[PDB]
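Visitor: What follows is structure25.cif; its format and atoms are mmCIF, N, CA and C atoms.
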```cif
data_query
loop_
_atom_site.group_PDB
_atom_site.id
_atom_site.type_symbol
_atom_site.label_atom_id
_atom_site.label_comp_id
_atom_site.auth_asym_id
_atom_site.auth_seq_id
_atom_site.Cartn_x
_atom_site.Cartn_y
_atom_site.Cartn_z
ATOM 1 N N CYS D 305 -43.590 54.339 20.935
ATOM 2 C CA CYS D 305 -42.341 54.211 20.197
ATOM 3 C C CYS D 305 -41.471 55.452 20.359
ATOM 4 N N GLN D 306 -42.074 56.642 20.333
ATOM 5 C CA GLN D 306 -41.293 57.866 20.485
ATOM 6 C C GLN D 306 -40.575 57.930 21.820
ATOM 7 N N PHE D 307 -41.205 57.451 22.895
ATOM 8 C CA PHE D 307 -40.529 57.392 24.188
ATOM 9 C C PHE D 307 -39.475 56.294 24.213
ATOM 10 N N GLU D 308 -39.783 55.125 23.655
ATOM 11 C CA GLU D 308 -38.796 54.057 23.605
ATOM 12 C C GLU D 308 -37.571 54.452 22.787
ATOM 13 N N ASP D 309 -37.753 55.226 21.718
ATOM 14 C CA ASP D 309 -36.608 55.654 20.925
ATOM 15 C C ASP D 309 -35.748 56.689 21.635
ATOM 16 N N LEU D 310 -36.124 57.126 22.837
ATOM 17 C CA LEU D 310 -35.255 57.991 23.625
ATOM 18 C C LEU D 310 -34.233 57.196 24.424
ATOM 19 N N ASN D 311 -34.371 55.878 24.455
ATOM 20 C CA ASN D 311 -33.464 55.035 25.222
ATOM 21 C C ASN D 311 -32.220 54.719 24.406
ATOM 22 N N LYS D 312 -31.079 55.249 24.838
ATOM 23 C CA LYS D 312 -29.806 54.980 24.182
ATOM 24 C C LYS D 312 -29.161 53.686 24.651
ATOM 25 N N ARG D 313 -29.784 52.970 25.583
ATOM 26 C CA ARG D 313 -29.240 51.730 26.122
ATOM 27 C C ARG D 313 -30.330 50.666 25.987
ATOM 28 N N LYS D 314 -30.888 50.552 24.784
ATOM 29 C CA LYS D 314 -31.988 49.619 24.579
ATOM 30 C C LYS D 314 -31.592 48.193 24.919
ATOM 31 N N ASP D 315 -30.336 47.821 24.689
ATOM 32 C CA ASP D 315 -29.915 46.448 24.937
ATOM 33 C C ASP D 315 -29.576 46.199 26.400
ATOM 34 N N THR D 316 -29.692 47.213 27.252
ATOM 35 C CA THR D 316 -29.334 47.080 28.658
ATOM 36 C C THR D 316 -30.465 47.441 29.609
ATOM 37 N N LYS D 317 -31.163 48.548 29.378
ATOM 38 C CA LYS D 317 -32.220 48.991 30.274
ATOM 39 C C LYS D 317 -33.560 48.654 29.653
ATOM 40 N N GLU D 318 -34.389 47.912 30.380
ATOM 41 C CA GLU D 318 -35.731 47.583 29.933
ATOM 42 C C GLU D 318 -36.703 48.666 30.375
ATOM 43 N N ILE D 319 -37.542 49.095 29.436
ATOM 44 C CA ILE D 319 -38.561 50.113 29.676
ATOM 45 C C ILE D 319 -39.918 49.436 29.652
ATOM 46 N N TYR D 320 -40.677 49.582 30.727
ATOM 47 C CA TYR D 320 -42.010 49.003 30.832
ATOM 48 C C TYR D 320 -43.038 50.059 30.468
ATOM 49 N N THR D 321 -44.087 49.656 29.763
ATOM 50 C CA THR D 321 -45.161 50.559 29.376
ATOM 51 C C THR D 321 -46.493 50.011 29.848
ATOM 52 N N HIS D 322 -47.275 50.848 30.519
ATOM 53 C CA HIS D 322 -48.632 50.473 30.890
ATOM 54 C C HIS D 322 -49.555 51.634 30.589
ATOM 55 N N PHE D 323 -50.731 51.331 30.040
ATOM 56 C CA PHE D 323 -51.720 52.336 29.667
ATOM 57 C C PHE D 323 -52.797 52.354 30.740
ATOM 58 N N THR D 324 -52.942 53.483 31.429
ATOM 59 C CA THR D 324 -53.759 53.565 32.627
ATOM 60 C C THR D 324 -55.010 54.397 32.374
ATOM 61 N N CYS D 325 -55.982 54.233 33.269
ATOM 62 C CA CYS D 325 -57.159 55.090 33.295
ATOM 63 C C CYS D 325 -57.663 55.180 34.726
ATOM 64 N N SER D 326 -58.641 56.048 34.980
ATOM 65 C CA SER D 326 -59.035 56.316 36.361
ATOM 66 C C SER D 326 -59.919 55.204 36.914
ATOM 67 N N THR D 327 -60.397 54.307 36.049
ATOM 68 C CA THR D 327 -61.363 53.279 36.441
ATOM 69 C C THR D 327 -60.810 51.912 36.057
ATOM 70 N N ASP D 328 -59.885 51.423 36.881
ATOM 71 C CA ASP D 328 -59.250 50.132 36.652
ATOM 72 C C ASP D 328 -58.656 49.640 37.961
ATOM 73 N N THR D 329 -58.337 48.346 38.015
ATOM 74 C CA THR D 329 -57.554 47.788 39.106
ATOM 75 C C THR D 329 -56.189 47.276 38.677
ATOM 76 N N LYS D 330 -55.958 47.093 37.380
ATOM 77 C CA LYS D 330 -54.676 46.635 36.870
ATOM 78 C C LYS D 330 -53.592 47.688 36.996
ATOM 79 N N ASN D 331 -53.974 48.959 37.092
ATOM 80 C CA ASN D 331 -53.018 50.044 37.226
ATOM 81 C C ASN D 331 -52.136 49.890 38.458
ATOM 82 N N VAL D 332 -52.708 49.434 39.576
ATOM 83 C CA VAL D 332 -51.927 49.245 40.798
ATOM 84 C C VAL D 332 -51.309 47.864 40.877
ATOM 85 N N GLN D 333 -51.992 46.833 40.384
ATOM 86 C CA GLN D 333 -51.408 45.505 40.312
ATOM 87 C C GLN D 333 -50.261 45.422 39.323
ATOM 88 N N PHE D 334 -50.312 46.170 38.227
ATOM 89 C CA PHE D 334 -49.207 46.137 37.279
ATOM 90 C C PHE D 334 -47.898 46.495 37.956
ATOM 91 N N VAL D 335 -47.848 47.634 38.650
ATOM 92 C CA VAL D 335 -46.588 48.071 39.231
ATOM 93 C C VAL D 335 -46.167 47.131 40.345
ATOM 94 N N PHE D 336 -47.114 46.603 41.108
ATOM 95 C CA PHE D 336 -46.763 45.626 42.125
ATOM 96 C C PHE D 336 -46.020 44.441 41.514
ATOM 97 N N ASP D 337 -46.573 43.840 40.462
ATOM 98 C CA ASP D 337 -45.902 42.709 39.826
ATOM 99 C C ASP D 337 -44.682 43.156 39.039
ATOM 100 N N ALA D 338 -44.763 44.293 38.363
ATOM 101 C CA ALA D 338 -43.665 44.736 37.526
ATOM 102 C C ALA D 338 -42.371 44.933 38.290
ATOM 103 N N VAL D 339 -42.409 45.612 39.432
ATOM 104 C CA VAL D 339 -41.211 45.808 40.244
ATOM 105 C C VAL D 339 -40.773 44.519 40.919
ATOM 106 N N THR D 340 -41.708 43.655 41.311
ATOM 107 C CA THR D 340 -41.296 42.334 41.758
ATOM 108 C C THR D 340 -40.517 41.587 40.698
ATOM 109 N N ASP D 341 -40.974 41.587 39.452
ATOM 110 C CA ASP D 341 -40.210 40.999 38.362
ATOM 111 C C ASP D 341 -38.891 41.711 38.104
ATOM 112 N N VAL D 342 -38.848 43.035 38.232
ATOM 113 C CA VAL D 342 -37.583 43.744 38.072
ATOM 114 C C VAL D 342 -36.584 43.265 39.107
ATOM 115 N N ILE D 343 -37.025 43.132 40.353
ATOM 116 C CA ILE D 343 -36.136 42.687 41.418
ATOM 117 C C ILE D 343 -35.612 41.290 41.121
ATOM 118 N N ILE D 344 -36.489 40.399 40.652
ATOM 119 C CA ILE D 344 -36.057 39.055 40.279
ATOM 120 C C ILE D 344 -35.092 39.101 39.107
ATOM 121 N N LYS D 345 -35.390 39.911 38.096
ATOM 122 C CA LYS D 345 -34.450 40.070 36.997
ATOM 123 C C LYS D 345 -33.112 40.610 37.482
ATOM 124 N N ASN D 346 -33.132 41.536 38.441
ATOM 125 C CA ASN D 346 -31.884 42.120 38.925
ATOM 126 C C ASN D 346 -31.047 41.083 39.659
ATOM 127 N N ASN D 347 -31.669 40.310 40.551
ATOM 128 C CA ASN D 347 -30.914 39.330 41.322
ATOM 129 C C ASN D 347 -30.457 38.177 40.443
ATOM 130 N N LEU D 348 -31.201 37.878 39.379
ATOM 131 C CA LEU D 348 -30.727 36.898 38.410
ATOM 132 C C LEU D 348 -29.561 37.440 37.600
ATOM 133 N N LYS D 349 -29.565 38.736 37.291
ATOM 134 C CA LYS D 349 -28.393 39.342 36.666
ATOM 135 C C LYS D 349 -27.187 39.309 37.594
ATOM 136 N N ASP D 350 -27.377 39.647 38.867
ATOM 137 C CA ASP D 350 -26.273 39.675 39.814
ATOM 138 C C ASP D 350 -25.553 38.339 39.915
ATOM 139 N N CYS D 351 -26.301 37.242 39.858
ATOM 140 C CA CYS D 351 -25.715 35.910 39.944
ATOM 141 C C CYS D 351 -25.148 35.473 38.597
ATOM 142 N N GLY D 352 -25.568 36.156 37.537
ATOM 143 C CA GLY D 352 -25.111 35.849 36.193
ATOM 144 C C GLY D 352 -25.855 34.709 35.520
ATOM 145 N N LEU D 353 -26.903 34.219 36.173
ATOM 146 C CA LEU D 353 -27.699 33.125 35.629
ATOM 147 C C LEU D 353 -28.373 33.529 34.320
ATOM 148 N N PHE D 354 -28.870 34.760 34.272
ATOM 149 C CA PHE D 354 -29.544 35.271 33.084
ATOM 150 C C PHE D 354 -28.540 35.677 32.011
ATOM 151 N N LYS G 467 -0.343 -39.913 37.217
ATOM 152 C CA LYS G 467 -0.774 -38.648 37.804
ATOM 153 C C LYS G 467 -1.001 -37.575 36.747
ATOM 154 N N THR G 468 -2.041 -37.735 35.929
ATOM 155 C CA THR G 468 -2.370 -36.769 34.884
ATOM 156 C C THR G 468 -2.203 -35.337 35.379
ATOM 157 N N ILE G 469 -1.566 -34.508 34.550
ATOM 158 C CA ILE G 469 -1.146 -33.183 34.985
ATOM 159 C C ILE G 469 -2.362 -32.319 35.276
ATOM 160 N N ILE G 470 -2.292 -31.564 36.366
ATOM 161 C CA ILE G 470 -3.393 -30.720 36.817
ATOM 162 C C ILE G 470 -3.026 -29.266 36.548
ATOM 163 N N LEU G 471 -3.822 -28.604 35.716
ATOM 164 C CA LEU G 471 -3.621 -27.196 35.427
ATOM 165 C C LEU G 471 -4.334 -26.331 36.458
ATOM 166 N N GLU G 472 -4.181 -25.018 36.306
ATOM 167 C CA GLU G 472 -4.931 -24.035 37.084
ATOM 168 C C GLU G 472 -5.255 -22.879 36.144
ATOM 169 N N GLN G 473 -6.413 -22.953 35.500
ATOM 170 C CA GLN G 473 -6.811 -21.931 34.548
ATOM 171 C C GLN G 473 -7.701 -20.897 35.222
ATOM 172 N N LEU G 474 -7.483 -19.632 34.873
ATOM 173 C CA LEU G 474 -8.341 -18.566 35.364
ATOM 174 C C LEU G 474 -9.661 -18.563 34.608
ATOM 175 N N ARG G 475 -10.756 -18.404 35.348
ATOM 176 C CA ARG G 475 -12.070 -18.223 34.739
ATOM 177 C C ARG G 475 -12.135 -16.788 34.224
ATOM 178 N N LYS G 476 -11.694 -16.619 32.982
ATOM 179 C CA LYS G 476 -11.413 -15.304 32.429
ATOM 180 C C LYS G 476 -12.678 -14.627 31.916
ATOM 181 N N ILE G 477 -12.643 -13.295 31.894
ATOM 182 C CA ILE G 477 -13.690 -12.519 31.243
ATOM 183 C C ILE G 477 -13.439 -12.515 29.743
ATOM 184 N N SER G 478 -14.480 -12.815 28.968
ATOM 185 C CA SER G 478 -14.339 -12.914 27.523
ATOM 186 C C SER G 478 -13.763 -11.628 26.950
ATOM 187 N N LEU G 479 -12.927 -11.765 25.926
ATOM 188 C CA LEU G 479 -12.289 -10.607 25.312
ATOM 189 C C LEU G 479 -13.225 -9.859 24.365
ATOM 190 N N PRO G 480 -14.019 -10.538 23.525
ATOM 191 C CA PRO G 480 -14.986 -9.788 22.710
ATOM 192 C C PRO G 480 -16.003 -9.019 23.531
ATOM 193 N N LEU G 481 -16.473 -9.574 24.649
ATOM 194 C CA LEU G 481 -17.402 -8.842 25.504
ATOM 195 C C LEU G 481 -16.747 -7.592 26.072
ATOM 196 N N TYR G 482 -15.511 -7.727 26.556
ATOM 197 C CA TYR G 482 -14.783 -6.572 27.063
ATOM 198 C C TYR G 482 -14.598 -5.522 25.981
ATOM 199 N N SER G 483 -14.260 -5.949 24.762
ATOM 200 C CA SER G 483 -14.056 -4.991 23.681
ATOM 201 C C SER G 483 -15.350 -4.276 23.321
ATOM 202 N N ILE G 484 -16.462 -5.009 23.252
ATOM 203 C CA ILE G 484 -17.738 -4.393 22.905
ATOM 204 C C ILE G 484 -18.151 -3.382 23.968
ATOM 205 N N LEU G 485 -18.032 -3.755 25.244
ATOM 206 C CA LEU G 485 -18.451 -2.835 26.291
ATOM 207 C C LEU G 485 -17.503 -1.650 26.410
ATOM 208 N N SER G 486 -16.217 -1.837 26.104
ATOM 209 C CA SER G 486 -15.303 -0.702 26.088
ATOM 210 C C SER G 486 -15.612 0.234 24.928
ATOM 211 N N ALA G 487 -15.979 -0.316 23.772
ATOM 212 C CA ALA G 487 -16.411 0.530 22.667
ATOM 213 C C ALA G 487 -17.646 1.337 23.045
ATOM 214 N N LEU G 488 -18.630 0.690 23.671
ATOM 215 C CA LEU G 488 -19.836 1.410 24.067
ATOM 216 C C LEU G 488 -19.528 2.490 25.096
ATOM 217 N N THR G 489 -18.640 2.209 26.049
ATOM 218 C CA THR G 489 -18.372 3.219 27.064
ATOM 219 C C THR G 489 -17.509 4.361 26.534
ATOM 220 N N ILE G 490 -16.614 4.112 25.571
ATOM 221 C CA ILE G 490 -15.891 5.244 24.998
ATOM 222 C C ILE G 490 -16.805 6.054 24.090
ATOM 223 N N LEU G 491 -17.787 5.412 23.450
ATOM 224 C CA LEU G 491 -18.782 6.178 22.707
ATOM 225 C C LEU G 491 -19.590 7.069 23.642
ATOM 226 N N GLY G 492 -20.039 6.514 24.768
ATOM 227 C CA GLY G 492 -20.700 7.332 25.768
ATOM 228 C C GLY G 492 -19.826 8.457 26.280
ATOM 229 N N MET G 493 -18.528 8.204 26.433
ATOM 230 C CA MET G 493 -17.627 9.230 26.943
ATOM 231 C C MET G 493 -17.417 10.351 25.933
ATOM 232 N N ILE G 494 -17.288 10.019 24.649
ATOM 233 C CA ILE G 494 -17.148 11.083 23.663
ATOM 234 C C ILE G 494 -18.460 11.840 23.491
ATOM 235 N N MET G 495 -19.606 11.182 23.685
ATOM 236 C CA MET G 495 -20.866 11.918 23.653
ATOM 237 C C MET G 495 -20.971 12.872 24.838
ATOM 238 N N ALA G 496 -20.539 12.431 26.019
ATOM 239 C CA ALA G 496 -20.499 13.325 27.171
ATOM 240 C C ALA G 496 -19.559 14.498 26.925
ATOM 241 N N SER G 497 -18.432 14.246 26.255
ATOM 242 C CA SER G 497 -17.505 15.331 25.944
ATOM 243 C C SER G 497 -18.112 16.312 24.952
ATOM 244 N N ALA G 498 -18.840 15.806 23.957
ATOM 245 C CA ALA G 498 -19.527 16.693 23.025
ATOM 246 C C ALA G 498 -20.575 17.531 23.741
ATOM 247 N N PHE G 499 -21.261 16.942 24.721
ATOM 248 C CA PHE G 499 -22.193 17.722 25.530
ATOM 249 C C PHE G 499 -21.466 18.815 26.299
ATOM 250 N N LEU G 500 -20.331 18.478 26.911
ATOM 251 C CA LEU G 500 -19.546 19.482 27.623
ATOM 252 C C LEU G 500 -19.127 20.612 26.695
ATOM 253 N N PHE G 501 -18.740 20.276 25.466
ATOM 254 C CA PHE G 501 -18.329 21.300 24.513
ATOM 255 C C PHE G 501 -19.499 22.197 24.132
ATOM 256 N N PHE G 502 -20.572 21.607 23.599
ATOM 257 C CA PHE G 502 -21.733 22.393 23.200
ATOM 258 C C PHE G 502 -22.377 23.125 24.370
ATOM 259 N N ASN G 503 -22.032 22.774 25.606
ATOM 260 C CA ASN G 503 -22.480 23.576 26.735
ATOM 261 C C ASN G 503 -21.541 24.746 26.988
ATOM 262 N N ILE G 504 -20.230 24.505 26.935
ATOM 263 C CA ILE G 504 -19.286 25.563 27.275
ATOM 264 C C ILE G 504 -19.107 26.567 26.143
ATOM 265 N N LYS G 505 -19.447 26.202 24.906
ATOM 266 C CA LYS G 505 -19.363 27.169 23.816
ATOM 267 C C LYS G 505 -20.544 28.130 23.845
ATOM 268 N N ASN G 506 -21.726 27.635 24.212
ATOM 269 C CA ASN G 506 -22.932 28.446 24.300
ATOM 270 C C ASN G 506 -23.237 28.863 25.734
ATOM 271 N N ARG G 507 -22.202 29.149 26.520
ATOM 272 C CA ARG G 507 -22.359 29.562 27.908
ATOM 273 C C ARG G 507 -22.930 30.967 28.057
ATOM 274 N N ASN G 508 -23.303 31.634 26.964
ATOM 275 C CA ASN G 508 -23.765 33.013 27.034
ATOM 276 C C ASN G 508 -25.234 33.202 26.691
ATOM 277 N N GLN G 509 -25.834 32.306 25.910
ATOM 278 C CA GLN G 509 -27.276 32.361 25.713
ATOM 279 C C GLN G 509 -27.971 32.234 27.059
ATOM 280 N N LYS G 510 -28.951 33.100 27.291
ATOM 281 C CA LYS G 510 -29.586 33.200 28.598
ATOM 282 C C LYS G 510 -30.175 31.889 29.048
ATOM 283 N N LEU G 511 -30.756 31.154 28.118
ATOM 284 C CA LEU G 511 -31.343 29.870 28.489
ATOM 285 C C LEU G 511 -30.309 28.968 29.149
ATOM 286 N N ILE G 512 -29.118 28.873 28.556
ATOM 287 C CA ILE G 512 -28.032 28.118 29.169
ATOM 288 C C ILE G 512 -27.485 28.819 30.405
ATOM 289 N N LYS G 513 -27.755 30.117 30.566
ATOM 290 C CA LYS G 513 -27.235 30.848 31.715
ATOM 291 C C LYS G 513 -28.129 30.717 32.942
ATOM 292 N N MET G 514 -29.437 30.532 32.748
ATOM 293 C CA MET G 514 -30.325 30.343 33.890
ATOM 294 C C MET G 514 -30.013 29.037 34.607
ATOM 295 N N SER G 515 -29.719 27.986 33.849
ATOM 296 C CA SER G 515 -29.251 26.727 34.410
ATOM 297 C C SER G 515 -27.745 26.827 34.621
ATOM 298 N N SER G 516 -27.317 26.784 35.887
ATOM 299 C CA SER G 516 -25.922 26.978 36.267
ATOM 300 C C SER G 516 -24.998 26.098 35.435
#
```
Written as structure tokens, how would this file's structure read?
Guide:
Amino acid sequence: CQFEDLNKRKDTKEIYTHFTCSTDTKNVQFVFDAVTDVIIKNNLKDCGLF
Amino acid sequence: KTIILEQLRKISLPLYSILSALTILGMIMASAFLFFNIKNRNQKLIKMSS
């Protein structure tokens, strides 16, 4: 919450949070899917569909 | 030489009136759909569908 409350554009910029550790596989899959979804969100914004 | 008429095999007037009532009801329902779509053109759900 303390990091999220640093965002002055909460209604515009989405902040993703992931909790990582040295012994996991979701740490690398998260960012793979997360940026893929960001790209889809961006291109949907560009067309104005969203 | 009994007089020979020429009558048109006419479309019934009550049937025409009933079907015109039904089609104008359908048309005003379509117009209400157009309105409730164009007024809420900003909710994302309505924005994903062009």
Visitor: What is the distance, in Å and to one decimal place, between atom CA of residue D:345 and atom CA of residue D:308?
Guide: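 One can read the atom CA of residue D:345 to atom CA of residue D:308 distance as 19.8 Å.
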Visitor: Per DSSP on the backbone, filter chain G down to the residues in helix (DSSP H, G or I) and report them as a ChimeraX atom specification.
Guide: /G:479-505,510-514
Visitor: Using Å and a single decimal, report how far atom CA of residue D:349 sits from atom CA of residue G:508.
Guide: 12.4 Å
Visitor: Using 4 Å of padding on each side, determine the axis-aligned box around all atoms of stretch 313-320 of chain D present in the file and give its centre and edge lengths in Å to one decimal, as lines of an AutoDock Vina configuration file.
Guide:
```
center_x = -36.1
center_y = 49.6
center_z = 27.7
size_x = 21.8
size_y = 14.8
size_z = 14.3
```
Visitor: List the residues selected by the PyMOL selection byres ((chain G) within 6 of (chain D)) in the file shown, writing them as number ranges by chain.
Guide: G: 510, 513-515
Visitor: Between atom N of residue D:319 and atom C of residue D:347, what is the spacing in Å?
Guide: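 Taking atom C of residue D:347 and atom N of residue D:319, their separation equals 17.0 Å.
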